[PDB]
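Novice: Structure incoming, see below.
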Amino acid sequence: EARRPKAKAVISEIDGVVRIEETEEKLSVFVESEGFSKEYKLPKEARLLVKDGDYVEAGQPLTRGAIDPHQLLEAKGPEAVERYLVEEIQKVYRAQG
């Protein structure tokens with residue numbers, strides 16, 4: 001159905017490189033680009049997938065979880081989401097043999 005999940009992971013809108021900022025009542029991540037960049041707020045115990053300073057593709061999950069296939073489609077293009085969709089279905093079926 002292409003629903004945007006509840007446990008939605010937050011992907012990156014553009015190319016860039018990250019820098020964590022873990023203060024008490026906020027844990028924000030910046031994916032900075034050679035021009036300008038955006039800031040991604042999220043609850044603190046959220047589980048990262050970016051070692052600070054690493055290099056991210058546009059649409060590459062920063063948090064973990066499921067990916068809104070729409071946020072993906074707009075970010076990385078059809079074969080990109082065509083990819084996610086096929087593999088993600090399969091992981092369920094494999095799991096049951």
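Every chain in the structure tokens has a letter given in the order shown (A, B, ...), and although residue numbers restart at 1 in each chain, ligands are simply numbered from 1 in the order shown.
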Once DSSP has gone over the backbone, tell me which residues of chain A are in helix (DSSP H, G or I), as number ranges by chain.
Specialist: A: 69-76, 78-96
Novice: Can you tell me how far CA of residue 53 (chain A) sits from CA of residue 23 (chain A), in Å to one decimal?
Specialist: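 Computing the Euclidean distance for CA of residue 53 (chain A) and CA of residue 23 (chain A) yields 17.6 Å.
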Novice: So which residues of chain A fall under strand (DSSP E) by DSSP, listed as a list in words?
Specialist: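 Of chain A, only residues 8, 9, 16, 17, 18, 19, 20, 21, 22, 23, 26, 27, 28, 29, 30, 31, 32, 38, 39, 40, 55, 56, 66 and 67 of chain A fall in strand (DSSP E).
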Novice: Between A:9, A:54, A:24, A:93, single out the one closest to residue 40 (chain A), counting only C-alpha atoms.
Specialist: A:9
Novice: Neighbours of residue 71 (chain A) within 9 Å (only C-alpha atoms; same-chain residues fewer than 6 positions away dropped), as a PDB file with N, CA and C atoms, in the first residue's frame?
Specialist:
```pdb
ATOM      1  N   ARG A   4       3.257   5.334   4.774  1.00  0.00           N
ATOM      2  CA  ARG A   4       4.423   5.812   5.510  1.00  0.00           C
ATOM      3  C   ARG A   4       4.370   5.244   6.916  1.00  0.00           C
ATOM      4  N   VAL A  10      14.322   8.732   9.426  1.00  0.00           N
ATOM      5  CA  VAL A  10      14.477  10.062   8.864  1.00  0.00           C
ATOM      6  C   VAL A  10      15.674  10.028   7.937  1.00  0.00           C
ATOM      7  N   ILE A  11      15.441  10.228   6.649  1.00  0.00           N
ATOM      8  CA  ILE A  11      16.493  10.123   5.662  1.00  0.00           C
ATOM      9  C   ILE A  11      16.966  11.531   5.303  1.00  0.00           C
ATOM     10  N   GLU A  13      17.956  14.693   2.818  1.00  0.00           N
ATOM     11  CA  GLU A  13      17.381  15.274   1.604  1.00  0.00           C
ATOM     12  C   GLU A  13      18.410  15.509   0.499  1.00  0.00           C
ATOM     13  N   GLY A  59      18.837  10.580   0.762  1.00  0.00           N
ATOM     14  CA  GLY A  59      17.905   9.496   0.999  1.00  0.00           C
ATOM     15  C   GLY A  59      18.480   8.294   1.713  1.00  0.00           C
TER      16      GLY A  59
END
```
Novice: What gap, in Å, lies between CA of residue 18 (chain A) and CA of residue 51 (chain A)?
Specialist: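 Value for the CA of residue 18 (chain A)-CA of residue 51 (chain A) distance: 8.0 Å.
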